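Below you'll find only one chain, the form deposited in one PDB entry, shown as structure tokens.
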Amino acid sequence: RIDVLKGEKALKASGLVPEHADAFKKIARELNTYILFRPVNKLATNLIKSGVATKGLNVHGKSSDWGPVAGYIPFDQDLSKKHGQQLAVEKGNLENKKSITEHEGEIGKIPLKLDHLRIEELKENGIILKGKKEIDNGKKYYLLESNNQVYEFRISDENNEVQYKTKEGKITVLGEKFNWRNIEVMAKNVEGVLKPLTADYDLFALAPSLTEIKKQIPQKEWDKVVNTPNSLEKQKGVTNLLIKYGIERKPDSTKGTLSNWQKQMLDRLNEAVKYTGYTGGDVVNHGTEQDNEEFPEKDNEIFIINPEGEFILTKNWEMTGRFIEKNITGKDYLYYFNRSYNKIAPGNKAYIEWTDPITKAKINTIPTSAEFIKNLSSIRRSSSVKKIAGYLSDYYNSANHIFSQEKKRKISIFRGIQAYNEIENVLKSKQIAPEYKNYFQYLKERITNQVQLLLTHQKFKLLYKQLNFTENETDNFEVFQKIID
């Protein structure tokens, strides 16, 4: 058992519009695929529902979660949820700045207008309170209070335009000060007019059942494979079909990197909400978070919709990983996790961890020749036997599929000790690179486990005595054969 929210409570924490999530229950069930979302600004929900246009990848400024501009994407990112974080505000502002120019005509900015209703939705949420009146240069304004201490807001009586100014004695994160001025929000073009943007729905992941992916493969490309005499070329050809129609992803103009089944899922999803009434257009605008490799975010709570149409919400990352382990990557569904995980993402230097089964095994499996070299490459940052890089290429020789398992284990337990020998006398030389020395004491450890593993499969230090390293050929391999007996 694992502590996760369900139904109503979970939907509540998700941020999605209720009607919308229901429409999503449908698609989950139909396509038998798990739909996982990323947190949605809770102050964005009513805006989304009222049909405010959401935002694409062409807009990276964050949305606000406080003040009169809650829910929208403020031009001035110090009014956003990243308020106070000088470095973030800056990348935010640079992002908006770019959006306004690198897409001139498509994305712009306009004054915030809080209608009579939003003011009250905000009054409810206890975000802002409509204050006392005030007049300036012949115009009527009503203050808007907030527990914010850097800024002060007021709204216009005529056009309902909200403005803001810094407070006496206070300084912006960017160390500024100014007097009265409209609050601008990121807008998009829609039939020649500028319409305000709000958060969108970001898919964290999508996990479709293998069967569901099959329907993506052409019933002819498959038969051709399935119908191959040689199995060794059968598997590969099947795996390549899986890669091609389910795994592989490609960069798209505005939907970022996604596969084709994802593009359809995307379309389906937007269709679903359009049918309920959402008139803002698309509510999902791009691929999933598992393909966001440069700047990978990491949320505490993911909102899940399983093929049953049941709402789940993980409480924390570790939990998110267990839910995916026990109901997805473990129950016949297609899943791939972000390639940046377990590494230092290049963009934001993020270091998000995830459970990788290939690594847990690494300890007992000896390395391929490339891994050996590639590990001398990257190892060659903090800074002449090629026999080992050959032996390792020998251990994993495809021309083994013509021998019996017994034969296989034999020759491999040998080819191993072989490289375990070369590595041995290399460490017997000079400790050239103090820590290069570790990589080998390590390989040696791996080589040891692998071998001592292949032996127990049939019948280490022990047998590592009655063997040759002298001169050379099919003389050592000889004494060996007998030792096993």
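Each residue number is its position in the shown sequence, starting from 1.
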item: Count class of coordinate-free deposited residues lying between the neighbours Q405 and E406; value: none
item: Count class of coordinate-free deposited residues lying between the neighbours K459 and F460; value: 4 to 9
item: Greater mean Cα temperature factor according to the PDB record, 33-41 or 440-448; value: 440-448
item: Average Cα temperature factor in the PDB entry - higher stretch of 219-227, 191-199; value: 219-227
item: Which of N58, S50, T54, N421 ranks first by CA B-factor in the deposited coordinates; value: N421
item: Which of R380, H83, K165, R118 ranks first by CA B-factor in the deposited coordinates; value: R380
item: Ranked against its chain, the third holding the CA B-factor of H401; value: highest
item: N285 - which third its CA temperature factor falls in, relative to the rest of the chain; value: lowest
item: CA B-factor ranking of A28, expressed as a third of its chain; value: middle
item: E318 - which third its CA temperature factor falls in, relative to the rest of the chain; value: lowest
item: Among modelled residues of the same chain, the CA temperature factor third for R339; value: lowest
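Beyond what is shown, the protein has a form solved in complex with a small molecule; the following relates to that form.
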{"query": "Interface residue in the bound PDB entry among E121, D291, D78, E184, criterion: non-hydrogen atom within 4.5 angstroms of the small molecule", "finding": "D291"}
{"query": "Contact residue in the bound PDB entry, from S393, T257, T172, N148 (heavy atom within 4.5 Å of the small molecule)", "finding": "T257"}
{"query": "4.5 angstroms heavy atom contact with the small molecule in the bound PDB entry for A199", "finding": "yes"}
{"query": "Heavy atom of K444 within 4.5 Å of the small molecule in the bound PDB entry", "finding": "no"}
{"query": "Partner proximity in the bound PDB entry: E297 to the small molecule, non-hydrogen atom cutoff 4.5 Å", "finding": "yes"}
{"query": "Touches the small molecule in the bound PDB entry: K49 (any heavy atom, 4.5 Å)", "finding": "no"}
{"query": "Site check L57, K62 and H286: each within 4.5 Å of the small molecule in the bound PDB entry by heavy atom", "finding": "yes"}
{"query": "Interface segment, criterion being heavy atoms within 4.5 Å of the small molecule in the bound PDB entry, picked from 449-457, 414-422, 433-441, 62-70", "finding": "62-70"}
